[PDB]
Structures are given as structure tokens and as C-alpha cells.
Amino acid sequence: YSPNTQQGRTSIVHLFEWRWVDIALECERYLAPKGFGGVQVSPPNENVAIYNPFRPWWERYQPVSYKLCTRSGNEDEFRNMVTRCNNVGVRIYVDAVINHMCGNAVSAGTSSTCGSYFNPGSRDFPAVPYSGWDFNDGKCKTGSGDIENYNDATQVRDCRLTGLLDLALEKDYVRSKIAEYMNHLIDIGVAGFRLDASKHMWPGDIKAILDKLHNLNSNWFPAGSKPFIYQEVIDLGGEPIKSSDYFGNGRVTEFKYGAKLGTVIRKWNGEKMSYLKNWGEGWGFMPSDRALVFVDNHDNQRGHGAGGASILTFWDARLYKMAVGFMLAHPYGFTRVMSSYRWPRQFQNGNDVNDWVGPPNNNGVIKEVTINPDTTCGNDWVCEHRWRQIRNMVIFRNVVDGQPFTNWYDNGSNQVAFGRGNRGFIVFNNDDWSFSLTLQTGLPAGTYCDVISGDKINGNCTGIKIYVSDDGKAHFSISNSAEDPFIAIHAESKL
């Protein structure tokens, strides 16, 4: 249940589709000094090479083998990355796709990221190796063989998720091949895993696999360190399968978090920020100590999975920064920041027809991540984790770690604020008028640099300055026309 990050580092960043060499560099040049706890990487195992459409991001969720050979790099490059990141105290978490192999309709051949032969039709994946009796063909009871109804908890687990060949996870052989793959990664140095499509695996089968896993590599981690496990389970209610069914294996993705934060910030259906006072379990969310939270993820930022049209992404930059800011300031759950790539989003009848587009590439070869002088990224990588407003809130969370939620204020509409013990305070204005008021901050008297509009550099603030007096009060002014309609100050931004 614990992330295994360095003490004081409270967030992980999803460097979606990034190449291993770029992540290794990012660890040393940015993530380490900026205090990021770790990185969730795209599936490192060999996958189906899909040409129609042209190399979609989702081809990486169709395993061909467990060889660490993908568009992100080979095994040596993967190990190089894990080693370099761990050496600078930044962890690596692997997106483990262990529920299935490729789509059952993919043509047999060597159209895979490493040239491995596979025959979906004959259930043949010799590179593992898996064969017909390693899949759930006979176990599934639907007429299509695919998952047809989420109200039947059994077919959700035993049938094919959108045609993906479903592994017979009850077999010790299959459990062992998966464990062999994950233990290879653990021994290499990975700190944990995102268990892809966990809702599609029986809680008990996952547990059986986890019981085969090693403790983290003792060269970097304390003896007895268990790998961090966060299971992807989309539970927004209305279905028999609940997130809680997986608490015995590790943390679980709380999709209700970003879904509701999106509706609140967009002010849909009369919702407003003042309602966030009891944010957390009060909103029907899972226990904070089991939640892996985020505003958006690789799926719902592009209409895949769940979360709805309410989901906030980098496309909605201004509101997005505020959502990410609220999340990073609030004590609930363990935070994951999304880092994406720009794609030619094209809406037709309310839907993005280019939601399949893969990462920036030159004839299929993923482009490297170029760093600009202003610290942003080129080659179409959005690099949200590098936006000042997000990067400074990542440090905010670290600074206020362990402090209680306190000193909440709200105007009954969309102007709210709250503090984290005597270490940080944040103010939001999502109303269509100015927020100008003196608030109790719970902070020691002094001059504080607002870390949203600026930075504390060389003993001075580059943006807004807040003055806290002896009573802990300070005046805040946020126009609804402000570039970023929120201010955040903390112990380390104090002059």
C-alpha cells in the first residue's frame, strides 16, 4: 500500500509513451531536483505492432510476450533507466498488462515490437510461452465470448475485454509466467505496478500472483520492502463489482475523484467548489489510504474508459491547473500527475475521431522529448509536470506532508480556501467575480511567495506576494480574469 518513494516525495507522474532514455534523463535533470516521487511508465513488454490505424497508443495494451522490447526501448535501455532513476531517488512503476494478450482477431505473424511470432487465432504465443489452454475460451459463458454485460461480475472476469484474449489466471502456470515477468522487473529495480484491467481479474487471482512476488531490490530499498500495487478498477457505482473488493491486494484507482472534480470545477448540474469542504469519503470515495487519485488518466483524457465529458485535461489548461492544484493541496489519497502528448483532436458529433493517435513520431519512431529554454517541452509533448503551477504544487504537497486539513473557508459559491496545518494555505476563485478578502491562514507571520503566479528565487518572489500578520491572517485578491485564479503559499516559499 506504500509507494516506496523517498520520504518527503508524495507524487508520481505518468510519462505516457515516453522512451526509456528520455525518462532516465528526466529523472536526473528534473524529477529528482523538483521532488517527484516516481514515474509510471507505459507497458515495457513486447506488444502487437498495429498499422491500421497507424501505431495507436493502445497497441501497447495488447501483449505478445514479456520481453522488454517496445517503442520505448529495449531491455538494456529499460534497466539503464531504472538504475539511473533509482540512483537519484526517483522510482519507476510499471503498467503491468497481465489480464490478457492480444486481440483475438489480430493477424498471426511477427507484427510485434520485437519480431516475436504469435497466432491469436490458434491462441499461440510461443515467446512466453502460452497456448490454447492458457486462455478462458472454455470458461467464458457469453455467446460472443466477449464481455457483454457489466452487471454480471463473472463474465467481466472470465470473458474477453473488447476481444482481448483472456488469460486463465487461476492456473499456477499462468500465474507463474506473470510472476516471472514481474519479478524480473522488481529485481531490475522497479518499485511497484499499476495492474491494468484489474476489474477483469478475480481479486483472489491477483492475490495469488502477488504472493509470488519478491521484495524490492535490496541494493536500493530497505529489506522487506513490498512492491507498491495500485489496481485499475473503474467503479463509479451502478455495478456489482466494487473497488473495495480489491483492498486486500493494494491500492485502487479512484475514478470517482477526477469525475466529480471535473463536474465541480466546470460547475455542472449546479455543483460548486463550496461543496468540496467534505471532499473525500464524504463524497462516497474509497478510504484515503487505498486511493490512487488523479484528475485525468491516459484513457479518459481522450474519451476512453470512464469519467465522462466532465474530465479536465491539458486541453482545458486554466481549469486543469486549478483541479490539479486542489488535488495536490488536499490530503486525500496518493497523487498521480498526468504528462501527455498533443494529438490532432478532432470532434465530430461530440466525439474525437482521432482518439487513437499514438505519441509524436517520425514514421513510427517515437520522437525524443526536447527541452526548451523556458523549461517547457517541444516535439508535441505537453509536459504538464513541467508547468510552473503544477510543478510548484507537487512541491507544495511534499512541504505540507502529514499536516491536517484545516482553516476551510467558502463564500457559499465558488470562492474557497483551506490550509494544511501551519505549513501551507491555498485559495481558489471559480466564481465570475473578484475574490478579495482577509483569511485566517494558520501560517507563521511573514511574507510568502505565491507559487502559482511565480517562484521564490534568490530571496525574492517573482509573482504575487502574500503578507501574513501576527494573527495568521492575510489578504487575498483574485480577480476572475486572473491567468491562474488560485494562490498557494507554503513554508518553503516564505521569504
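One-based numbering along the sequence shown.
Mean CA temperature factor is higher for 353-361 when stretches 353-361 and 250-258 are set side by side in the entry. Higher mean CA temperature factor between 449-457 and 54-62: 449-457, per the PDB entry. Ranking 232, 289, 380, 95 by the C-alpha B-factor listed in the PDB entry places 380 at the top.
Looking at 424, 331, 189, 238, the one whose CA carries the top B-factor in the deposited record is 238. Ranked by Cα temperature factor within the chain, residue 482 sits in the highest third according to the deposited record. Per the PDB record, residue ranking by Cα B-factor puts residue 489 in the middle third of the chain. Residue 134: CA B factor lies in the middle third for its chain, per the PDB record. Residue 180: CA B factor in the lowest third of modelled residues in this chain (values from the PDB entry). Placement of the Cα temperature factor of residue 476 within the chain: highest third of the modelled residues, per the deposited record.
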